[PDB]
Structure formats: structure tokens, C-alpha cells
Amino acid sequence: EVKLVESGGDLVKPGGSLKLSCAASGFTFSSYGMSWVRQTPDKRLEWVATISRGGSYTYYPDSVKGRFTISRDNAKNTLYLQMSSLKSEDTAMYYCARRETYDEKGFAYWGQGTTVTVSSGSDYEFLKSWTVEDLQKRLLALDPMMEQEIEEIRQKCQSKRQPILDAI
């Protein structure tokens, strides 16, 4: 049974590097192309890279071209994505997926995905001359608002749950 497992996901410094890998099993690895596809916090899906079965052709969209390298090791049944010059907008769940080299039907097989979070160079520049006092006040402002946003989600969910619990 076909199985894809991503790893490597982590917090990255502004402009930093990171390498993801994806362990393949339950099929003959060397006979299929592979891809990476990412999903951003807004839920949009974006194709990141594709590799041929033999490793000799690679493809990238303009958004990551020059920065991202897709590779594979057919002996180790492992797909790789090496990322450079990462920016906050590269924050996403990264999925590896099989390329259907025979059927050509899109992505039938996806792994569970690995989270990559990239720190903003811009956000860092913005705080350059803030004092500890300035920063503490800003910091302390967040959690009270997070709590209220969470409370909205919970209340809405329970309002959908309660009518069902009442029927049962």
C-alpha cells in the first residue's frame, strides 16, 4: 500500500535555508515522478516542484525558481526539497505527492505533510529600535485577543454540536 511520509519541517530564520525529505513505500519508487505541493495559512494550494522518475528533469514555478532544489535518491526511496532564501510567504504545510507517470490523472497519493514556518525579515526590521518596555507592551497585547478569537470558534462549534446532542 502506497505511503508517503514527509519530515524536516521547522521554524526558519529570515532568509534561512531548510531541507525537507519524504520517505516513499509500497511502490517501485524509481518508476514514478514525484512532486512537492504547499498549502498556505489562507488555504491556497501552490505547486512547488516536480522531478522525473530518473531525476534528470526538474520543474519549478517562477515563485521558487532559483531558490528551491528538488532531488531524489532512488537507492534510499527518498524525495528531497532543499529551500534557500526563504521568506514569510514560504510559510506553509509542505506535501510530497506521487506523479502518476502512467495514468496522468493528477495527485492521487499525498503524504500527511510537514509544517514550515518562516520568520519575516520585514517584521524584524520594523522592531529594530524598540526598547524592552515598547516590546513588552506589544507582546502583552496579543494573548488576550487570541483568547477572544478562540472563544468565537468554540462558541460557533458548540452551537452546531448542541442541536445534534439534543436530538440524541
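A residue's number is simply how far along the shown sequence it sits, counting from 1.
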Looking only at C-alpha temperature factors in the entry, 101 to 109 or 119 to 127, the higher average sits in 119 to 127
Ranked by mean Cα B-factor in the entry, 145 to 153 and 11 to 19, top stretch is 11 to 19
Split the chain's modelled residues into thirds by Cα B-factor; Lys43 lands in the highest
Temperature factor at the Cα of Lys137, chain-ranked in thirds, falls in the middle
Split the chain's modelled residues into thirds by Cα B-factor; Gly26 lands in the middle
